[PDB]
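# generate coordinates for the sequence data below:
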Amino acid sequence: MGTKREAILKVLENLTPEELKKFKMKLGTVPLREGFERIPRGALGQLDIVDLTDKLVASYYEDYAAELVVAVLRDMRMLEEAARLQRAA
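Numbers count the residues shown, from 1 in each chain. Sure, structure below:
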């Protein structure tokens, strides 16, 4: 079913190889809440947009992930796109 996991991947898949790479790293830039931390090192250049999404969604949950994912795209000068993510509800 995964609607956010679907909306998420539908967008992460549009991230060009350069954005995909940055996406992984730029995830370890946005500050995280207390019990939350950065994305494990070996989890960056190992997980594909699928597992990278699962790891993101699984680690941050579909709800906060989307929030985390959104702000990242926004950082990559993708304000309008991330907006489409916010509609994934």
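
# and the residue nearest to the spatial centre of the chain, how far from residue 5?
When the chain is reduced to its mean C-alpha position, the nearest residue by Cα atoms, centre = their mean turns out to be residue 69, at 3.4 Å. According to Cβ to Cβ, to the nearest Å, residue 69 and residue 5 sit 11 Å apart. For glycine as for every other residue, the C-beta is placed from the backbone atoms N, C-alpha and C.

# could you list the buried residues of the lengthiest helix in the chain?
The single longest helix within the chain, with elements called by DSSP state H, is helix 49-75. Buried positions in helix 49-75, judged by neighbour count with 16 or more other Cβ atoms under 10 Å: 49, 52-57, 59-60, 62, 65-66, 68-70, 72-74.

# got the angle between the helix or strand following that helix and helix 49-75?
Moving toward the C-terminus from helix 49-75, the next helix or strand (DSSP states H and E) is helix 79-86. In terms of direction (axes from the mean of the first three to the mean of the last three Cα atoms, to 10 degrees), helix 79-86 departs from helix 49-75 by 130 degrees.

# in helix 79-86, what's buried?
82, 85.

# can you check stretch 3-12 too?
By neighbour count on 16+ other Cβ under 10 Å, the buried set for stretch 3-12 is 4, 5, 7, 8, 9, 11, 12.

# list the contacts for residue 5?
If you count contacts by Cβ atoms under 8 Å, 6 or more residues apart in numbering, residue 5 has them with 53, 54, 57, 62.
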